[PDB]
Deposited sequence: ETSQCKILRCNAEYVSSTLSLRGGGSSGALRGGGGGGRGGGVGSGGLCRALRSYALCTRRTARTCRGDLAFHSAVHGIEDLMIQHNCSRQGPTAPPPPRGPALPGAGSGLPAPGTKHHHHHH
């Protein structure tokens, strides 16, 4: 049911290969947590992840949505 190990793994993987890049990885991490939220209601590691992503996104001043490509 709870798929937080896969979110943790993907984020650790993304940060091993390298602030613009970290914010992307943090947004993917946030998206991943949201997608398994329903199966992690009582999971401690899950709620720690959600706290850590927010803490890390406040640091490095990440945007929650990610930049759009501008017109040609």
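Handout entry: Regions of the deposited sequence not represented in the model
Key = Unmodelled stretches, in sequence order: 1 to 3, 22 to 43, 98 to 122.
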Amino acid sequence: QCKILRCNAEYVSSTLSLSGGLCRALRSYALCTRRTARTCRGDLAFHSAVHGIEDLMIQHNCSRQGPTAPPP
From here on, numbers count along this sequence of modelled residues.
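Practice task
May I ask you to compare 19 to 27 and 46 to 54 by their mean CA B factor in the entry and name the higher one?
Solution key: If you average the C-alpha B-factors of 19 to 27 and of 46 to 54, the larger mean comes out for 19 to 27.
Practice task
Could you check the entry and say whether 6 to 14 or 58 to 66 has the higher mean CA B-factor?
Solution key: It is 58 to 66.
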